[PDB]
Each structure stands twice: as C-alpha cells, then as structure tokens.
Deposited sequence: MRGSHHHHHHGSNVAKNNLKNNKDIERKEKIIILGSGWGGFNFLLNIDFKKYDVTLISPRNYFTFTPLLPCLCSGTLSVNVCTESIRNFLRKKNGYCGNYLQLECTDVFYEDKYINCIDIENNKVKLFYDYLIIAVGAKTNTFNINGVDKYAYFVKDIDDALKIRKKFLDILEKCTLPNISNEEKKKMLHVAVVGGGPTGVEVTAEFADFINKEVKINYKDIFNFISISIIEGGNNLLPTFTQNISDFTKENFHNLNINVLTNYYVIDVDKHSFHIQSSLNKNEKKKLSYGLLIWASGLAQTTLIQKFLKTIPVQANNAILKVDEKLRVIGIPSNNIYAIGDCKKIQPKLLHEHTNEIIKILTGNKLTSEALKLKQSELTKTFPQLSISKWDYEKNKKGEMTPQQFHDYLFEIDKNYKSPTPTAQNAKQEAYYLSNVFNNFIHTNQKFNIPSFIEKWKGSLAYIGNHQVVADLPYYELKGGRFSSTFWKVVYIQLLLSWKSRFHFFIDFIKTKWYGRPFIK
C-alpha cells in the first residue's frame, strides 16, 4: 500500500534517483533494458583500453538494499508505451513478450540516442559511442584492422585506406575519443606494429570552426594546436553529408561548392542527440505536445499536459518550460517595493523558488538594468526573461542534480508538512573537463581555465575519482591507471 514509483532508465538520471530515493517511504522499481549504470565520462578510455569495464560500471542490483533495511526492485525491460490516463506502461522483455505494469508515479529518464541526421549509411557503416558495448565494439574493430593490415595479401595503399580513423564530431565526446586513440596509436600500437604504423592516420571532422565549441576559445585553440602536434588531421569547418562502405563525403562550411571524398577503415559517429522512439510515441499521446520534438516539463520537472501530475522526466529526454513570469505580472508587482529591474532583483532570492528564469545564473541583471517601468513595460521585461530561459544542458552533471533534487522532493516534501513549498529546480554549473591527448587536460571551470601542463592529468584524476559512485569503482580507477602505467594497454579482442 506504499505508493509505487516506476523509474525508467538506469543512466545518470535514473540511477542517481535510485540512490537517493527513500525505499522506506516508497515502493520503487527501476526498469531498464540495461542492468548496469554506465559511467559515461570514462567511456573514451574504454575505447583505447586505458580503463576497464569495471570502472565504467555499476551493477543496479548492488544498490537495491539501503542501510535502513528496505529494498527496491529492478526489471530488465524496455518501456514501449506510457498510458498516462490509466496510470500504466507497456514493456517488452528481450524476447518481445509484453509486460504491463502499474504506477502511482512515473519517473522518465530514458535519455537520448545518437543523431544520424538521416544521412545514408551512418546506421549501416558507422560506430556510435554512447555505451559500454559501443566502446568495446570500436576497440575490437580497430584491433581487427591492425591485424588485417599485417597480413601479406594486402597492398600499401589498401593499408593506408583501411588504417584511417575518422571521428565525426568535435564536441567533447569526439575530441576525447580521438585523443585516446591518438595515445594508443602513438604508444602501444607504435611499438608492436612498427611496419604499418606510418600508414595509420586519425582525422576528426567538425562543422564549426572550433573543437570543443561550447568550452572557451583559448581551450579550443589549444586543443587544435595539441591535435596538430599529434598529427591528427583536424578537419574543422567540414560537415559529413554521406556515408558509404569504404568512403564518406564532406562539404566545406566555408565554400558550399567544395566537397571531398575520403577513404576510411573505422568511422566513429559522435554528433549530437536525438529522441528515443518511446519519447516520440509518448509525445503523440499528449494533446498539448502532439507536435513537439522533445518532451517538455514544469519548472518542477512534472511532464506538462498530464492531468494527474504524476509523470516526471529528468535528463537528456526533456526540456524545462517554466511557469511564465509575464502570466503573473500583477502578482509579482505586489511582491515588490519603485518598479525597477533592481527592485525585481532585490526579491530574486524569494521569487527564484518559483521562477528558475529569475536566477542570477539565468538572467544577467547588470547587462540588463532597466529604469522605472510602467506595468505594461514591466510585463514586457518579464516576458524577455521568460524567453531568455535556457533549459539545463544535456549533461550527466545536470541529470545527476535533477535526480537528487527530485528524489529529495519525494523524500522530504511530498506527503509531508511541505507539499506546497516545493522549490523549482535550478542547476549549479560546476565546470567541464576534457582529455585532449598526450597527458594534456583542459578544464573550463567557473573561475579557472586549465590548458594542459604536467599537473593537468593529476587534476583530472582527483576530480573523477570523486565523481565515481562507489568505492569499488575507485579501487579500479586507481589500479587501472597503475596497470596502464607499468604494463600498457592490452591487445585482447
């Protein structure tokens, strides 16, 4: 008779919600086709053999018994439909048997998938890099190619075509995967495959001018410089537009007329995100959202358009559409002293609990001061703040923070003295890191920039050994680096 919370997904959102939700207060079931949590930041290290599967993983069933003594459940299913009207979901097991399950609360955390842009042959020929098996598939293919090119039944020009590694995407994923392959190629591969080492080349391809565009221009320039010193072909300002079995095509971003055909052996696709079929389906089911491209939620992470307000979504599968300021103008006016921008800002602490977009991290009050306004003008101003609101970026950092917010809201606000005092979710940006090869780490932190150096790696390791969610994983983190330092990357495939 405890209320049932179903969690869909075992990713950063779902798993972290699981870790914090009170199993005494609720009856909790996580549902996911994947029986482990994947620690995605270390996924590129898996591509090169620097770290093991154990450090990139947490098994869900190890976290189903909290110290209180009460338990949670886990089912290995893939949710295929949500029926918000009747409070249930349809799933399928791995043998396509339907399973029907009821909930009182649904926490959707199914994440996003890799975007092919409908380009011909991305699904067919390219390797994605979004989970454990993806990374392992990529490692093996690479090692497979190395062995195939050591055979005598092969010409030097066949070798040059096949030993070309193309990475599409100059975001952090693409950049880190390239970096890691570069280290592998310049170390272990160089030693054990000398006769063919010089036919090997890596290219990274990016539509815009900069690698790591969302970081900072100095970090971008440094990343490109460092890539040059590693003899990585940096093909920025190029868009991949077609993919065939042995070659792909690129179009210059600077001249629409300039195309190139490139040979390749291994093609890694690390472009942006796209929605799961479950989300596409679910959207059609909600009158208000029937033609949305992504699932929209409250400022409280409630899925808009559900009469019951019993479905939440966290992580990559959702954008936040908060309660509009300009729909509550008069009410906000009463709350104030004047009627200036800094009248508003003076009450920004209190009003931020209701409107996230009022946050000093969401609205620049100084780049936008406004002298005394008439009510209508104030309403226009409020409207600008509304339009300026940016939904949290699709990162593990945000998914984790959303997961702790929401679970704590279930633990401490719903079904307690505070049912109505629930604050709206606001991220704190903690910074971003990236490995860019050859011991060089970059970090774009709130008050710092790292641009390489002897102690860059050290900073990276102190950061991530603390972001790991178990002592088991910390053990492996430590051991795996010793092993890689003393003995090297492995060639088992």
property	result
In sequence order, the deposited-sequence ranges that have no modelled C-alpha atom	1-26, 364-365
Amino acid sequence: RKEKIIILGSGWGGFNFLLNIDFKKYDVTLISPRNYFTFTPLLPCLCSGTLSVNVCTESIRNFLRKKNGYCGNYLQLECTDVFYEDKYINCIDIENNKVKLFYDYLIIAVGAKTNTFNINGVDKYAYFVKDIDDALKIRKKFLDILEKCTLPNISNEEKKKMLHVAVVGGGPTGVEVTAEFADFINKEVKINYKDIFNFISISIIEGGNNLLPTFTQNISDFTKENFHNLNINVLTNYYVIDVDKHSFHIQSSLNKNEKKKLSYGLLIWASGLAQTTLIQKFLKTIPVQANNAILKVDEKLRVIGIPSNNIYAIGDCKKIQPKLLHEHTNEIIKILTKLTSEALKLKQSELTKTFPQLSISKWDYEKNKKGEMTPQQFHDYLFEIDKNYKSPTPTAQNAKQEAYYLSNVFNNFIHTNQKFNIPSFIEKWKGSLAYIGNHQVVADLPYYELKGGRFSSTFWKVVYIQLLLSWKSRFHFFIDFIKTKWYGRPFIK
From here on, numbers count along this sequence of modelled residues.
{"query": "399-407 versus 98-106 - which carries the larger mean C-alpha B factor in the record", "finding": "98-106"}
{"query": "Greater mean Cα temperature factor according to the PDB record, 309-317 or 417-425", "finding": "417-425"}
{"query": "Per the PDB entry, maximal CA B factor within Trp460, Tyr70, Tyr36, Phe39", "finding": "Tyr70"}
{"query": "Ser220, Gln76, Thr285, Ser391, ranked by C-alpha B-factor: the highest one", "finding": "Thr285"}
{"query": "Position of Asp444 among the chain's modelled residues by C-alpha B-factor, lowest, middle or highest third", "finding": "middle"}
{"query": "Relative C-alpha B-factor of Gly207, binned into the chain's lowest, middle or highest third", "finding": "middle"}
{"query": "Lowest, middle or highest third - CA B-factor, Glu372", "finding": "highest"}
{"query": "Assigned third (lowest, middle, highest) for the C-alpha B factor of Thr116", "finding": "middle"}
{"query": "For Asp123, the third of its chain into which the C-alpha B factor falls", "finding": "middle"}
